[PDB]
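Undergrad: Mind having a look at this structure? Questions to follow.
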There are 2 protein chains.
Amino acid sequence: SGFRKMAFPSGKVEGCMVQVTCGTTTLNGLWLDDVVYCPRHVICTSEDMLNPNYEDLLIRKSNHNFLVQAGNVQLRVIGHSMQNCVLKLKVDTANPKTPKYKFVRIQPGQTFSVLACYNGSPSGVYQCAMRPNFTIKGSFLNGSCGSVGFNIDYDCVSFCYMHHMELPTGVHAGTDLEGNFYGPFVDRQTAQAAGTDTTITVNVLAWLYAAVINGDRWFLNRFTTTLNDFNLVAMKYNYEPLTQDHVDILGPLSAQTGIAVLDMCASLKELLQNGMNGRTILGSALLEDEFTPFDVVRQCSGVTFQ
Amino acid sequence: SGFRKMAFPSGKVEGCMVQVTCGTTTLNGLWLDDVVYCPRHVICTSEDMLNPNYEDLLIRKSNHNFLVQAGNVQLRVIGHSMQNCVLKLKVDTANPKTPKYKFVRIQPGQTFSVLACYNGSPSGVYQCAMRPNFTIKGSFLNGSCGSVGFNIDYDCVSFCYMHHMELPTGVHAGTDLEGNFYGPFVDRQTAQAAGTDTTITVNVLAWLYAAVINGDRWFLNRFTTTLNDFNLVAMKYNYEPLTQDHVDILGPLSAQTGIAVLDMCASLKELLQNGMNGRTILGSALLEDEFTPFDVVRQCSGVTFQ
Ligand SMILES: FC(F)(F)c1cc(-c2ccncc2)[nH]n1
Ligand SMILES: [Cl-]
Ligand code: NA
Ligand code: NA
């Protein structure tokens, strides 16, 4: 029993973290096969950041301008190029610890583990969701750029996030490993803001199912509803629309717990309209939306990643 | 910015997890140098649950009764001995992945990371705290016994918990790595129940300091309190006593934020009286008690956001 915000074991990714220095700027890089990936803004001075021309800034750099340290061992950079907003540093040795991996771009609502890193050295791991407004509510300090986010699907590490910047509200923005930003953000020191966020409805439902599985049942009721009725309520309370595909995905959990999705939706409707009346669910006084249906199934079944 | 429940990177512990089988029972072992540590109750049978005599059960075992699998590899058991409630299996291979490590017994309120494992293979990582009633609120399924809790200071892993059992309330009990149980529990299936749990006051205070460091001041007030009046109030809310040790411990956070410890105590008293009135603190609608003063300093900036 029990249900905790759980990250993937981070060992396979720790073996890929390196330190990248260019001029006075040090940040983190991801070392896979013979390439080190890091944010292209590593080449900018402070005034460069105000309005960077990245191709122009890069041509002035030689390979020896990029100092890369894997542990206490230096790596020899033998080539460099840009792909969208990530710099690719070709090195002279393949990473002997390279895991089985893919680069994948995730959808808002999906979760991933972040390996927070400083000076190429992993410092912590935590679980995040890509918010509907394409930010993440991370925890990062200066020096954390180039830290990465990932899932493990069977034995393959799926890399989905590289950290680039913090927005004025304290939430965070970055790219996939092909350098495409999540959200309408640019890697430049200019005025940028998180858009208004919404709650991930299918994840809240998944977490209610997790609650029921763990004996927390007070919010269940006799009522059911319809998609169109419930989605009217969701829109009123700034919840994402629930689609038929979400209902299908929650299917397993509906049959296991005996609570149909629209039955559970009636529970969520009543919670949104009346609150919790002093009670908690899985130890929380707010409705939690950073567990996907797959997260709930996996934690409540013990899937492993050796 | 940001503030998240953050675990240590697990890789150094992942490289130590093995599977231990005895009879029909399989669970996890921790492989360090040439010793594998696991719960002694792996040698119990179905009729041994209530009043096992471990000394009598163990004397009947030979080294080849213990099967230890590390990855795809059988390790050879060349010796065994029992220390309190843990079994130490001597094996014919030192673990080449053994980190710098030590064994530390922790006090209630301390936090640590848990690497949940099944069949010797890691499933997930999360953060826990040793409750005042000597249980932990974990996420553990059948087969998770032998999973460990740890901190990582510099590059050194301090092992502080090994999981032995789940109590009827769904919380968890276990030992240090010397096999001594936390709290009054025993590795028997006789009726035992956790004491009434209380809130870790010094940790709530730490987390309020984290909220100020990250720029939130809404809950402060113009008042202060004596230590004794605070404790008289807080105990009525099932909060642990705050000692002068705790006040001393909070000195650094107090100095960083400019809020005297006893002034922060006055804020907490008011929060217990008023609730949050629809507001949140670091994203929670409840007061969080599983961040220590040491945790806050490690995760937060050294510069307060005024
Ligand atoms: F044997 C049972 F009854 F199937 C079983 C035991 C556990 C468990 C849960 C958490 N920690 C340790 C063990 N789950 N289920
Ligand atoms: Cl109805
Ligand atoms: Na219902
Ligand atoms: Na293993």
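Just remember, in the structure tokens the first chain shown is A, the second B, etc., residues are 1-based per chain, and ligands are 1-based in the order shown.
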For residue A:275, please output as a PyMOL selection string all residues within 12 Å (counting only C-alpha atoms; exclusion window: fewer than 5 positions along the same chain).
TA: (chain A and resi 219+237+267-270+280-281+285-287) or (chain B and resi 278)
Undergrad: Once you count only C-alpha atoms, what closest atom pair and distance in Å to one decimal does each residue of chain A within 7 Å of chain B have, with rows by chain and rising residue number, as CSV?
TA:
```
residue,atom,partner,partner_atom,distance
A:1,CA,B:170,CA,5.5
A:2,CA,B:139,CA,4.2
A:3,CA,B:139,CA,5.2
A:4,CA,B:139,CA,6.0
A:5,CA,B:126,CA,6.6
A:6,CA,B:126,CA,5.1
A:7,CA,B:125,CA,5.2
A:8,CA,B:124,CA,4.8
A:9,CA,B:124,CA,5.2
A:10,CA,B:10,CA,5.6
A:11,CA,B:11,CA,3.5
A:14,CA,B:11,CA,6.9
A:122,CA,B:9,CA,6.6
A:123,CA,B:9,CA,6.5
A:124,CA,B:8,CA,4.6
A:125,CA,B:7,CA,5.2
A:126,CA,B:6,CA,5.1
A:137,CA,B:2,CA,6.7
A:138,CA,B:2,CA,5.7
A:139,CA,B:2,CA,4.2
A:140,CA,B:1,CA,5.8
A:141,CA,B:1,CA,6.3
A:170,CA,B:1,CA,5.3
A:171,CA,B:2,CA,6.9
A:285,CA,B:285,CA,5.7
A:286,CA,B:285,CA,6.4
A:302,CA,B:123,CA,6.6
A:303,CA,B:123,CA,6.1
A:304,CA,B:123,CA,4.1
A:305,CA,B:123,CA,5.8
A:306,CA,B:121,CA,4.8
```
Undergrad: Enumerate as a ChimeraX atom specification the residues within 9 Å of ligand 2, counting only C-alpha atoms and all ligand atoms.
TA: /A:222-225,263,266
Undergrad: Taking N, CA, C and O atoms for each residue, export the selection above as a PDB file, in the first residue's frame.
TA:
```pdb
ATOM      1  N   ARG A 222     -23.431   7.854  -5.918  1.00  0.00           N
ATOM      2  CA  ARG A 222     -24.317   7.006  -6.703  1.00  0.00           C
ATOM      3  C   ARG A 222     -24.506   7.487  -8.130  1.00  0.00           C
ATOM      4  O   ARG A 222     -25.084   6.755  -8.936  1.00  0.00           O
ATOM      5  N   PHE A 223     -24.034   8.680  -8.461  1.00  0.00           N
ATOM      6  CA  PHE A 223     -24.379   9.332  -9.708  1.00  0.00           C
ATOM      7  C   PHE A 223     -23.386   9.002 -10.813  1.00  0.00           C
ATOM      8  O   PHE A 223     -22.247   8.601 -10.569  1.00  0.00           O
ATOM      9  N   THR A 224     -23.858   9.116 -12.044  1.00  0.00           N
ATOM     10  CA  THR A 224     -22.993   9.117 -13.208  1.00  0.00           C
ATOM     11  C   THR A 224     -23.343  10.334 -14.053  1.00  0.00           C
ATOM     12  O   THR A 224     -24.232  11.118 -13.711  1.00  0.00           O
ATOM     13  N   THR A 225     -22.609  10.535 -15.139  1.00  0.00           N
ATOM     14  CA  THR A 225     -22.830  11.721 -15.951  1.00  0.00           C
ATOM     15  C   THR A 225     -22.521  11.382 -17.402  1.00  0.00           C
ATOM     16  O   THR A 225     -22.296  10.221 -17.753  1.00  0.00           O
ATOM     17  N   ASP A 263     -18.839   7.626 -14.017  1.00  0.00           N
ATOM     18  CA  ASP A 263     -19.167   7.507 -12.595  1.00  0.00           C
ATOM     19  C   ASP A 263     -18.162   8.299 -11.756  1.00  0.00           C
ATOM     20  O   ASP A 263     -18.543   9.122 -10.913  1.00  0.00           O
ATOM     21  N   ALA A 266     -18.645  12.030 -12.178  1.00  0.00           N
ATOM     22  CA  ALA A 266     -19.638  12.569 -11.265  1.00  0.00           C
ATOM     23  C   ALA A 266     -19.026  12.838  -9.892  1.00  0.00           C
ATOM     24  O   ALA A 266     -19.357  13.840  -9.249  1.00  0.00           O
TER      25      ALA A 266
END
```
Undergrad: RMSD over all C-alpha atoms, chain B superposed on chain A in order?
TA: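 The RMSD between chain B and chain A over C-alpha atoms is 2.8 Å.
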Undergrad: Which of these, A:273, A:74, A:221, A:231, has the shortest distance to ligand 3 once you count only C-alpha atoms and all ligand atoms?
TA: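 Residue with the minimum atom-to-atom distance to ligand 3: A:221.
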Undergrad: Hey, can you check how far atom CA of residue A:209 sits from atom 9 (C, counted along the ligand's line) of ligand 1?
TA: 19.1 Å
Undergrad: Write out as an mmCIF file with N, CA and C atoms, in the first residue's frame all residues of stretch 178-250 of chain B that backbone DSSP assigns to alpha helix (DSSP H).
TA:
```cif
data_model
loop_
_atom_site.group_PDB
_atom_site.id
_atom_site.type_symbol
_atom_site.label_atom_id
_atom_site.label_comp_id
_atom_site.auth_asym_id
_atom_site.auth_seq_id
_atom_site.Cartn_x
_atom_site.Cartn_y
_atom_site.Cartn_z
ATOM 1 N N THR B 201 7.167 19.255 13.684
ATOM 2 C CA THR B 201 7.063 20.708 13.796
ATOM 3 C C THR B 201 8.276 21.415 13.200
ATOM 4 N N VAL B 202 9.483 20.970 13.558
ATOM 5 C CA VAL B 202 10.677 21.634 13.063
ATOM 6 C C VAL B 202 10.717 21.618 11.535
ATOM 7 N N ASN B 203 10.180 20.558 10.919
ATOM 8 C CA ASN B 203 10.158 20.458 9.461
ATOM 9 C C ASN B 203 9.144 21.425 8.842
ATOM 10 N N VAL B 204 7.967 21.587 9.460
ATOM 11 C CA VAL B 204 7.002 22.570 8.959
ATOM 12 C C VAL B 204 7.618 23.962 8.987
ATOM 13 N N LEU B 205 8.305 24.295 10.081
ATOM 14 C CA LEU B 205 8.968 25.587 10.190
ATOM 15 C C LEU B 205 9.988 25.771 9.068
ATOM 16 N N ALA B 206 10.794 24.734 8.796
ATOM 17 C CA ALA B 206 11.764 24.780 7.700
ATOM 18 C C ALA B 206 11.095 25.118 6.375
ATOM 19 N N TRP B 207 9.981 24.457 6.107
ATOM 20 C CA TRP B 207 9.260 24.601 4.855
ATOM 21 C C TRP B 207 8.599 25.968 4.745
ATOM 22 N N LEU B 208 8.195 26.553 5.876
ATOM 23 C CA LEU B 208 7.739 27.940 5.818
ATOM 24 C C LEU B 208 8.896 28.875 5.480
ATOM 25 N N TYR B 209 10.096 28.596 6.006
ATOM 26 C CA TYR B 209 11.275 29.363 5.605
ATOM 27 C C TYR B 209 11.558 29.205 4.111
ATOM 28 N N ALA B 210 11.425 27.988 3.579
ATOM 29 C CA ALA B 210 11.547 27.779 2.136
ATOM 30 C C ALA B 210 10.551 28.631 1.358
ATOM 31 N N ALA B 211 9.322 28.749 1.861
ATOM 32 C CA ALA B 211 8.330 29.574 1.182
ATOM 33 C C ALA B 211 8.762 31.045 1.133
ATOM 34 N N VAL B 212 9.335 31.563 2.226
ATOM 35 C CA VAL B 212 9.815 32.945 2.222
ATOM 36 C C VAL B 212 10.996 33.102 1.271
ATOM 37 N N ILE B 213 11.944 32.165 1.316
ATOM 38 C CA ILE B 213 13.101 32.257 0.433
ATOM 39 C C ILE B 213 12.650 32.335 -1.020
ATOM 40 N N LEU B 227 8.706 30.105 23.481
ATOM 41 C CA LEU B 227 8.780 28.701 23.100
ATOM 42 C C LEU B 227 7.719 27.890 23.832
ATOM 43 N N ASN B 228 7.509 28.164 25.125
ATOM 44 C CA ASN B 228 6.581 27.306 25.852
ATOM 45 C C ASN B 228 5.132 27.529 25.427
ATOM 46 N N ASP B 229 4.727 28.786 25.186
ATOM 47 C CA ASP B 229 3.365 29.033 24.704
ATOM 48 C C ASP B 229 3.144 28.384 23.339
ATOM 49 N N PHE B 230 4.152 28.447 22.465
ATOM 50 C CA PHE B 230 4.040 27.769 21.176
ATOM 51 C C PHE B 230 3.752 26.291 21.361
ATOM 52 N N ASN B 231 4.572 25.607 22.165
ATOM 53 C CA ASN B 231 4.390 24.175 22.365
ATOM 54 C C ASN B 231 3.036 23.870 22.992
ATOM 55 N N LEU B 232 2.564 24.740 23.898
ATOM 56 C CA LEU B 232 1.258 24.514 24.517
ATOM 57 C C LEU B 232 0.151 24.556 23.478
ATOM 58 N N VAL B 233 0.265 25.460 22.506
ATOM 59 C CA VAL B 233 -0.719 25.555 21.432
ATOM 60 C C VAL B 233 -0.542 24.416 20.442
ATOM 61 N N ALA B 234 0.697 24.187 19.997
ATOM 62 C CA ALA B 234 0.910 23.262 18.891
ATOM 63 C C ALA B 234 0.527 21.839 19.264
ATOM 64 N N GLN B 244 14.764 23.401 22.111
ATOM 65 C CA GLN B 244 15.784 24.407 21.840
ATOM 66 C C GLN B 244 16.760 23.930 20.778
ATOM 67 N N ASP B 245 17.020 22.618 20.724
ATOM 68 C CA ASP B 245 17.796 22.056 19.620
ATOM 69 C C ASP B 245 17.198 22.462 18.286
ATOM 70 N N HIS B 246 15.883 22.282 18.139
ATOM 71 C CA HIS B 246 15.221 22.649 16.894
ATOM 72 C C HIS B 246 15.356 24.142 16.607
ATOM 73 N N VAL B 247 15.196 24.976 17.632
ATOM 74 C CA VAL B 247 15.336 26.418 17.444
ATOM 75 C C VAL B 247 16.742 26.743 16.958
ATOM 76 N N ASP B 248 17.747 26.128 17.589
ATOM 77 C CA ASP B 248 19.138 26.296 17.172
ATOM 78 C C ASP B 248 19.329 25.865 15.719
ATOM 79 N N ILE B 249 18.779 24.699 15.358
ATOM 80 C CA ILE B 249 18.900 24.154 14.004
ATOM 81 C C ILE B 249 18.379 25.143 12.971
#
```
Undergrad: Please return, as a VMD selection string, all residues of stretch 115-238 of chain B that DSSP assigns to strand (DSSP E or B) on the basis of the backbone.
TA: chain B and resid 115 to 118 121 to 129 136 148 to 153 156 to 166 172 to 175 181 199
Undergrad: Quote the spacing between atom CA of residue B:159 and atom CA of residue B:240 in Å to one decimal place.
TA: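 So the answer is 25.6 Å.
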Undergrad: Which residues are near stretch 95-99 of chain B? Cut-off 7 Å, only C-alpha atoms, ignore same chain within fewer than 5 positions. Put them as a ChimeraX atom specification.
TA: /B:12,15-16,31-34,156-157
Undergrad: Give me the residues within 9 Å of residue A:105 as a PDB file with C-alpha atoms, in the first residue's frame, counting only C-alpha atoms and dropping any in the same chain fewer than 6 places off.
TA:
```pdb
ATOM      1  CA  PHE A 159      14.775  11.457 -23.348  1.00  0.00           C
ATOM      2  CA  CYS A 160      12.103  14.151 -23.594  1.00  0.00           C
ATOM      3  CA  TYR A 161      13.334  17.393 -21.968  1.00  0.00           C
ATOM      4  CA  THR A 175      13.245  21.805 -25.363  1.00  0.00           C
ATOM      5  CA  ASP A 176      13.120  18.219 -26.468  1.00  0.00           C
ATOM      6  CA  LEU A 177      16.494  16.695 -27.299  1.00  0.00           C
ATOM      7  CA  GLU A 178      16.094  17.820 -30.926  1.00  0.00           C
ATOM      8  CA  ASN A 180      12.409  22.306 -30.253  1.00  0.00           C
ATOM      9  CA  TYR A 182       7.946  23.188 -25.515  1.00  0.00           C
TER      10      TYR A 182
END
```
Undergrad: Would you mind reading off the distance between atom CA of residue B:296 and atom CA of residue B:174, one decimal, in Å?
TA: 26.0 Å
Undergrad: For residue B:62, work out the shell of residues within 10 Å, counting only C-alpha atoms and skipping chain neighbours fewer than 2 positions away, then give it as a PDB file with C-alpha atoms, in the first residue's frame.
TA:
```pdb
ATOM      1  CA  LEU B  58      18.988 -20.387  10.497  1.00  0.00           C
ATOM      2  CA  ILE B  59      21.089 -23.234  11.969  1.00  0.00           C
ATOM      3  CA  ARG B  60      19.225 -25.613   9.621  1.00  0.00           C
ATOM      4  CA  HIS B  64      23.593 -23.325  -0.936  1.00  0.00           C
ATOM      5  CA  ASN B  65      20.070 -22.871   0.447  1.00  0.00           C
ATOM      6  CA  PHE B  66      20.496 -19.139  -0.363  1.00  0.00           C
ATOM      7  CA  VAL B  77      27.170 -17.822  -1.029  1.00  0.00           C
ATOM      8  CA  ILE B  78      30.220 -18.839   1.019  1.00  0.00           C
ATOM      9  CA  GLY B  79      28.936 -17.890   4.472  1.00  0.00           C
ATOM     10  CA  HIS B  80      26.011 -16.530   6.477  1.00  0.00           C
TER      11      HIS B  80
END
```
Undergrad: With only C-alpha atoms and all ligand atoms as the atoms that count, which of B:146, B:40, B:90, B:83 lies nearest to ligand 4?
TA: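 Checking each of B:146, B:40, B:90, B:83 against ligand 4, counting only C-alpha atoms and all ligand atoms, the winner is B:146.
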Undergrad: With only C-alpha atoms as the atoms that count, which of A:196, A:135, A:254, A:26 lies nearest to residue A:184?
TA: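 Closest to residue A:184, using only C-alpha atoms: A:135.
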